[PDB]
Amino acid sequence: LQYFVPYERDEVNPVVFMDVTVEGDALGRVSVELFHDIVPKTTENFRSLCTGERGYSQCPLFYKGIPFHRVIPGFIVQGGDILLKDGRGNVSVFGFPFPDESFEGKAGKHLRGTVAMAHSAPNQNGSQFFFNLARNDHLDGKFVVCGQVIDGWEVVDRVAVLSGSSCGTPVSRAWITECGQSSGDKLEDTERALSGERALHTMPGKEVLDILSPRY
Amino acid sequence: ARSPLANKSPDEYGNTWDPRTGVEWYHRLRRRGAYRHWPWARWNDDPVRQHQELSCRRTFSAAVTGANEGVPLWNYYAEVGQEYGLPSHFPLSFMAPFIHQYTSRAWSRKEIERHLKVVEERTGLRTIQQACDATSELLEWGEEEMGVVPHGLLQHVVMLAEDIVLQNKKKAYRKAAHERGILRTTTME
Amino acid sequence: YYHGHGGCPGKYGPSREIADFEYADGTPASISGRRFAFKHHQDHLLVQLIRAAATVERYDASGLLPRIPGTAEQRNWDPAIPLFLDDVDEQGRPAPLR
Amino acid sequence: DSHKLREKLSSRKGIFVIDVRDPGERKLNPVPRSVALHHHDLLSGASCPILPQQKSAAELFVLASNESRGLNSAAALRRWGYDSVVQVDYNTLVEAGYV
Amino acid sequence: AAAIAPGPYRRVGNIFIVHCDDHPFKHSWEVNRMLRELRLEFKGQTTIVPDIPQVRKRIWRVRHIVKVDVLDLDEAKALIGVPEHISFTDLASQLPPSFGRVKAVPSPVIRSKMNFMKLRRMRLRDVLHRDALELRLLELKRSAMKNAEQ
Amino acid sequence: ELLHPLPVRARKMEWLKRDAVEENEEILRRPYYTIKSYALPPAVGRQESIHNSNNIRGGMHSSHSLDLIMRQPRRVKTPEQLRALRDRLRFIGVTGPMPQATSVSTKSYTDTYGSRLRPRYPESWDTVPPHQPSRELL
Amino acid sequence: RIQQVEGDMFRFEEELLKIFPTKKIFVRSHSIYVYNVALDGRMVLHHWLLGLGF
Amino acid sequence: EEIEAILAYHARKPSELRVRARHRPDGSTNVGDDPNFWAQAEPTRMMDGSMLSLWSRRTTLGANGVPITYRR
Amino acid sequence: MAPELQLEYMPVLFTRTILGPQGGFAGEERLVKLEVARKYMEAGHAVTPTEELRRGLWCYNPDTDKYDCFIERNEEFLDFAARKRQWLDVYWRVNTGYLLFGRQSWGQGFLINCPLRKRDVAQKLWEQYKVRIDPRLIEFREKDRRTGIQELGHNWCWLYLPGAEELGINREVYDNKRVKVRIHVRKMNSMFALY
Amino acid sequence: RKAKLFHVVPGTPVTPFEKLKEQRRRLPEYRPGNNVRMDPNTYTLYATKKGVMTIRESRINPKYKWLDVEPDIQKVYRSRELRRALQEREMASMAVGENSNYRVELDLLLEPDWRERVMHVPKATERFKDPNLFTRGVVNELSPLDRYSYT
């Protein structure tokens, strides 16, 4: 199994990194390119939720600690749902579920390499995202492609193997250790606002999230 | 009123030595118009690191970039007081479920244990009991080789071993105090 | 309570759930505000139970269910619950076995 | 074990050994037919349904490192009606060929 | 067969059915706070709560009011026809958050704006629906005029 | 002031309050969980032995049928059967994708009739459907 | 208070909802009220109206 | 940097550091009984800070890149 | 050292066998309060535990009334002293202590509507004195056996401390088998009471 | 009289401006500890640094205490958080000095002799050491005025 980056890597796009942990084992870092050029709105949501750029709306809008509630081996890896962490809810940074702006193209096709946005009903896009584990032809014309996975695909696939059932309910817990923005525009003045002694969010201790607890 | 029980949670009634009574304690709990944001020093701000990780990525050669990682910011063990299930006569390779929980993002459990088992051959301290009194020859062997094992581990190993042995001293004392009739509970009362 | 009511004839029994009247041709009644509210309550119990059970299940998934029965307040109230001391005898030093 | 040996060989099948022993050393030693219990998990009565039904007919082996918790868990068992309980440490059931 | 059961072994917790047998206005405000946390208002109300330690910390303090019953989860799976291969975690993951009195919000004003936001998301749902339709119609007219002129 | 004595049956009821309270604390000292095997019935070991000797001799209790469900062997006897049943189970109202690589042209209810349209339910006393589907979308 | 809106004012409000999801919006023949919005929201309203082409 | 801060401190008028209002920039009311609160570095703004729950924090940044205080 | 910080209490070896809750028997090292330690030591009944005094000591038998009973503290003496102390520690914990008790009372004369029994006397012992004993060692007064305790105010009950003639417990307690366990039952309303 | 109290929760982080304790003139009940400043006339305790306040009790006499302020907050925070987590997982040991019921024993098994080191009066000849030691530089400090053990 060899992972080839599905598209050609434009440099306008942001790069967002996520650290995934399975049952205490820190697997590594998944870096994500977001398609800004074709997909400006959903990109900004996925970038804001991966930063902590915004405060408590209905919840801390931050992907830190939040588990992967639904994992189907050979199909998808799903995580999000900050509010009600089981997967039962969708929260945007906008204050309401936003519709998919457009399928267009390069956002329409679910390739193996792709991060997409999960919705419970066609025009409500929340915080929930999923990784495509294989080429999905039956999801083209339903769900929005947010972007790629550049590095650390080994991490994702390993999560799919160790943590999942074809029912979708995970065998073992897989949650996000950290998430942030490593590249792209708006990066400097982002980390200025998060700079200081006083942090933005109150979360459990560093090695509580790492080893024994998935921020419930 | 002026009651001892004013402004306290019912768990905290027992502490008479610090009554929460008074007018301004009513204002800082119901957080009123001088105190509307109470404690102005509250958790989740640190003046010492400003929430940035001190890690040196600045390394000259790009190969060894992650060489200094898991260098401890404090004792990590003395503060927490995890309960170790280890008598002092065990091998060092059993020491890393415990090192792993502070060192994750750096190494994995299996990785840490292979580095430790490296230390058992390379240095003559196989026993956790040996790792305390040899704390020195551990450390200079460490500094002389400098990179057979990451220098972040060798100060984890030392201050973990010290505490494992110390805790065994405490259990061996607390047990022997029962037959001498001191008799304290699981909560040590 | 035994026969599957509440304490009163007018709750939780057959005397609620069954329609007061049909029509002659078998066409049933209609849904009252109170009937719908009662169905909501009756499902509120189920939602309650299922959520409680879910909480227990992710608690023993996460391993927070202790091996020591009762809280600390119950432990230092009640001389029934045993002392859970591990490596010592509960009452002074070990008793003689001859 | 000039008695215990033929007791644990072929006298019956088995899962007969409750070891209440530290998780650290049960990885070091391990006896791989024993149910690994916790001594608190025994005394509490949370193990009762997996412990055998007929109270009198059973005889159980407590495998403990420190003999003090062997003596604790004996009482733990006879509290629930298990009177015949034999305390064994690790080296004893080495010669019995149980490992 | 006078032997320990062959394992895989499963760990099954418990569930407390709590019933309030006494008037809460007879009792202090701390006991009342505990009864509030147990979701009991008046005399005669019954609630179902988990067996986790915190709950026992609550039930212990009010035990002279509350009467308790226990159901382990096999018995809870039996009490309702639930296939045994189905856990409660998935069942909880299915049922909607939108259930009545969903959250514990700190003051009635916040409660009010919670319901208010619930309605707001409805309005925005329909408005976003219509606006999406206008968007797609606009794009069809654009492509039509472009293909027609060219 | 309180002048005449408390009658006997009142303080009898108070004694009953006492051992009701006690009956509670016994429940509270029971363990948080219980270790059970897969093939055995759910009630094998149970705390109620003395309770069954004292209250349970010949009388039929209100929990009877449920207890009959308890005293027979478990219907899922091995973990393989468990996951072989559980993987077959599908979630209908779940958020996100559902695998269909098998047969494409079997359409669900949603991609046929949409997310805003529930089928008209016959609505009467004993058949009561959920009203107002637009409320539940929080 | 937004006065000089002339047209279908409710479309104005239905986009104003998206701008101000949390706040309270009211309609009257001559005007549109947004509640609990200070000079910040004024700055926004103006950025949006300038960006919109007015 | 610190020389710039020293100069910026000593340059400003004595009326720049006094109390300018009932409410400190945090939104807390300053009752006159406490001497810690007789100084105000940043002017309080009553008509700003209503939009921060709905907006990204990057808006809070000042001219020099230091977040300015808003009433919450 | 300092006149300000004074040792809360200082370690002491005993020569005599002393009656009270502070005083011990002969030969044991116990740390007691300053003001008692000085009044024991200046009267020659107690010595500072120097090492050679930890090995052996000149105590006295009250018959001869001179310090001629030589006790050497070996292992078999120290487990003896351990057991002896943890006996009379339970002794001087329980009678010195006075167990506060409060409950609800309805009717005219001063009766509790939920009378006491031996399972909850033993309960209060553990609740506030941290004393763990088998509840079947307790015996009530003759008047309180038939109805339970049940009356408001000052009541006393008896605790049987079984083993001591092994420890040679005599004349240093009030009696070898008993402790007067002192109960006080206060009536309180539905707010503050139980049952 | 007036009531003189804590103005902060002990065990909670505190800014320098906030008072810690207001005492009453009787040696004071609470003495300045690490990173703490006492107003000499008012005997009111102030924080020097910004950090977590904790109470020490003197091993000699438990009624005489110190207030300490520990500078880095997040150390105390994630230490306490992990500790609590372990408490819930039944994985924490109750033998730490944080446990107030155990600190006596803890001071006992480390240094058993601290009683006799406190009670030991030096004579004048070793209190007042012959200064030529200090002159020649055998000892680098000459301090006759510490005759008292505060621990």
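Each chain gets a letter, A, B, C, D, E, F, G, H, I and J, in the order it is written, and its residues are counted from 1.
As a working rule, contacts are C-beta pairs under 8 Å (C-beta built on N, C-alpha and C of every residue); 3 or more make two chains touch, one makes a residue touch a chain.
Asker: What are the chains that subunit F and subunit J both touch?
Answerer: Common contact partners of subunit F and subunit J, which must touch each of the two, are A, C, I.
Asker: If you tally contacting C-beta pairs, which pair wins, A-G or C-I?
Answerer: More C-beta contacts join the chains of C-I.
Asker: Go ahead and note the Å separation of the Cα centroids belonging to subunit E and subunit G.
Answerer: Spacing between the chain centres: roughly 37 Å.
Asker: Could you state the distance in Å from the CA-based centre of subunit H to that of subunit I?
Answerer: Once rounded, the distance between the two centres reads 65 Å.
Asker: What parts of subunit B, by residue number, touch at least two of the other chains?
Answerer: Residues 43-47, 51, 84, 171, 175, 179-181, 183, 186-187, 189 of subunit B each touch two or more of the other chains.
Asker: Counting only residues that touch at least two other chains, what does the list for subunit J look like?
Answerer: 17, 77, 79, 82, 88-89
Asker: Give the residues of subunit I that touch two or more other chains, as numbers and ranges in rising order.
Answerer: Residue numbers touching two or more other chains: 79, 82-83, 86, 130, 194-195.
Asker: In their shared complex, at which residues does subunit I touch subunit B?
Answerer: 78-79, 82-83, 85-86, 89, 130
Asker: Write out the stretch or stretches of subunit J touching subunit C in their complex.
Answerer: The contact residues of subunit J facing subunit C are 88-90.
Asker: Given the complex with subunit A, which residues does subunit G contribute to the contact?
Answerer: Where subunit G meets subunit A, its residues are 18, 21-22.
Asker: Please output the residues of subunit J touching subunit B within their complex, sorted ascending.
Answerer: That would be residues 3, 5-10, 12-15, 17-18, 49-51, 71-77, 79, 82-83, 86, 91-96, 98-99, 101-102, 105-106, 109 of subunit J.
Asker: Spell out the residues on subunit I that touch subunit E in their complex, using ranges where they run on.
Answerer: By the definition above, subunit I touches subunit E via 190-192, 194-195.
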